[PDB]
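These notes are about the structure you will find just below.
Residue numbers (my numbering): 4 to 113.
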């Protein structure tokens, strides 16, 4: 399905990129914990269907930009969030707010 396509769109461009798919907040704390080492460079959060969150990470920003450009053009509603200025442990709050937003709808404006 669409989740399996989107995770492979990262691997087809850079097979070294770490990608994981989670359906729960208890799975997110595992995904962020293994990404914390790798995503210390660059991270992307992807939000597909009614609550599935896919977490992707890379060691170069060009790989994230290229993968995102293909993934947007193939999947326009998949909602991409690029991470660089937030710490790899603080990334939890950004991923978890995207998990919660699927169940508990809020505007979350600046």
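For every residue, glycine included, the Cβ atom is placed at its ideal position computed from N, Cα and C.
Close-in-space but distant-in-sequence residues of the same chain around residue i (CB under 6 Å, 5 per side omitted)
i	result
residue 125	One cannot answer for residue 125 here, as it falls past the ends of the chain, which runs 4 to 113.
residue 64	45
residue 62	44
Element boundaries [beta strand (DSSP E), containing residue i]
i	result
residue 62	First-last for residue 62: undefined, no H or E at that position.
residue 21	21–25
Start and end residues, alpha helix (DSSP H) containing residue i
i	result
residue 35	28–41
residue 94	94–104
Cβ shell of residue i (< 7 Å), same chain only, five flanking positions each side left out
i	result
residue 51	5, 6, 9, 57, 81
Beta-carbon gap between residue i and residue j smaller than 8 Å
i	j	result
residue 35	residue 98	yes
residue 47	residue 94	no
Residue i burial status per 10 Å Cβ neighbour count (16 or more: buried)
i	result
residue 66	buried
Chain B within 8 Å of residue i, Cβ atoms only
i	result
residue 95	In the displayed structure, chain B is absent; only one protein chain is listed.
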